[PDB]
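Next up: a single chain in structure tokens, the form deposited in one PDB entry.
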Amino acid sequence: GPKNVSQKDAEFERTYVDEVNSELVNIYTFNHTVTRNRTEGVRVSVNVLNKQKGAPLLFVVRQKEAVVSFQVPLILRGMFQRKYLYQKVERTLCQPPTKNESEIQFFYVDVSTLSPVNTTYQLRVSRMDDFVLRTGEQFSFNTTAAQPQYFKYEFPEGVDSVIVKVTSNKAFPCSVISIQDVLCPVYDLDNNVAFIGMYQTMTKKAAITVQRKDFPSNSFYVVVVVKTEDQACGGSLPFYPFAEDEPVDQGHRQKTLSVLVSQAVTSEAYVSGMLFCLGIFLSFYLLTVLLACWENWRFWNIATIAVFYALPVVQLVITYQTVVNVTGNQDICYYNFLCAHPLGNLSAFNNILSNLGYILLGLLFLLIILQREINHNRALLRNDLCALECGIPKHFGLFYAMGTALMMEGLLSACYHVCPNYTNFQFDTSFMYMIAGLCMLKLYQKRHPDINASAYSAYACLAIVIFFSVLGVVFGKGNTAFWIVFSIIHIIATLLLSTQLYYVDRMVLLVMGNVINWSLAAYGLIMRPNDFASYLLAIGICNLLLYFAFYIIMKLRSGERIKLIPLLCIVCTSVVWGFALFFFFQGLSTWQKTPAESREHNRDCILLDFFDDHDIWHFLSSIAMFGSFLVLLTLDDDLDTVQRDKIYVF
């Protein structure tokens, strides 16, 4: 009538090969002595031998304050009614902190089945000598979809923040790495892991910044859970029998992970970064002040477009950043988690200080255009013959545009670097096209006075490039057919604009111009970055940096000669452009289909432990732009007495 019930004492680190049926329940009693200042983990492992799909085993682990249960072989789900079946299951047991200095704690394991056949299982309860993580010591382990793991880290003395870096040398088991507090239970299942805490799907890398003020116990759990399907990490899926009713044996895929918890930049990294920024971008101001005191003693549309954008920029990103602030789902903003230093609510504060160069060099330029205009008007009371003939008609209206577009760049990008994304991308790099545009009009608008009608001619072209990026944005991972057709339609524009400016060197002019477009084509074809609007920016400068040379070479072959004061700004502008494009090309693939794949491109800080490569791009770009404004400005200053060459140049 009544079932057998076998109660038997058991021991740690000793494997039991028993069996149960529908008329048999096995109960094992384990005990262990726990101590306050040395915590251990108890990991139960079950494994059924050559089991038929009739009816599973039912395993219950009973502790003083918790009941855990599962059924073996454990069945997990897929997307489209796909079941995966695991013969072997494991769990680390959650247990609350011990109230005494040391106490004996019992727990029980209960094995029962409702199938009428002898089912042979294999049980083993082991003690983990590696449960407590250490600061600065790599630790490696294994996990599968039926064997989730978790470890404990407790903060050292006086360390107020850490970063947990987890790495894997192989791509496709997926994973979720959650960071939870040390209160039982622990949510280490495919459906519990995203309930609370802050987490990150990985493929090869994950990195999470943790601070004490979120964990009043001064400790937390790092939880690793492997997933049954790799779609969330950019992987494909097969199904030969998978969609059928029966489950699919999937116990053959493991993930081998390494975890390292290391201290973060304490506080003086922030001071060093701020002092570096201020020093380098005020050296320019001091240099200009001394330069002036030496040498002297020897419109609304651009702002409104940004204003009618910045508020949508401010509102969109803030409404989008707050999710990770409250949800902990860190697969939403595409930071560089290995170099991302929080301040207040900002996650990557260093990716915002970097945009101080645009602000403070777009403001130093406006203080040059203003000083040139004022000085020129202070000359107009003396009435020298150089009104507009002995020199060139001064049109600062589009200088002010250049000096104020550089300012808005240090706000469109500083606000974009709050949660970089795909929907969020167009704010920063697309507005550098404007500066690229204005740097082209000047050299045209210098040899052609009545170009105010042509000023609006280029305004139409700028939206097309934004539309072209938008057209590329419509399919961010578009096929080659999009890429090559855009590549070939690029090829037409090579000779198309070359004809506008066109005599031996003009036939030589076609040599370097067409090559670069052809050169830049292949590096696009072979790579095809997910980021396209950033790609075309490179074509922007490369043609722009070429077109300076053309204006010089034609000027090189006249009686007009280049003075050093507007020449020393040509070599240094090109040197900084060379460096700036090096760090620009470092991060160009570091944005891909999914955050898991976009995260295996992260890399540590470089400068003062604070700034990465993309911060060094915000630095050199704002100096190259400013270094190019003074080229357009000073270049033709030797023509302060000539009225024939300047007038009949074009």
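Rigid core: the largest C-alpha set superposing within 1.5 Å between the two forms. Numbering starts at 1 and follows the sequence shown.
There is another form of this protein, the form deposited in another entry, and it is not shown here; the text below is about that form.
Colleague: After superposing the two forms on their rigid core, pick out the one entry in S236, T423, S519, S140 with a CA shift of 2 Å or more between the shown form and the other one.
Modeller: Of all the options, the C-alpha that shifts by at least 2 Å belongs to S519.
Colleague: Using the rigid core as the reference frame, would you say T590 shifts its C-alpha by 2 Å or more between the shown form and the other one?
Modeller: Yes, because once the rigid core is superposed, the C-alpha of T590 moves 2 Å or more between the shown form and the other one.
Colleague: Spell out whether the Cα of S469 moves at least 2 Å between the shown form and the other one when the two forms are superposed on their rigid core.
Modeller: Yes, its C-alpha moves 2 Å or more.
Colleague: Taking the rigid core as the reference frame, tell me whether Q149 has a CA displacement of 2 angstroms or more between the shown form and the other one.
Modeller: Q149: C-alpha displaced by less than 2 Å between the shown form and the other one.
Colleague: Taking the cut-off of 3 Å or more as given, in which direction does the distance between the C-alpha atoms of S589 and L260 change in that other deposited form, closer or farther?
Modeller: Closer: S589 and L260 approach by 3 Å or more in that other deposited form.
Colleague: Tell me whether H341 and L588 end up closer or farther apart in that other deposited form, going by their C-alpha atoms; the shift is 3 Å or more.
Modeller: Here the pair is farther apart than in that other deposited form; there, closer.
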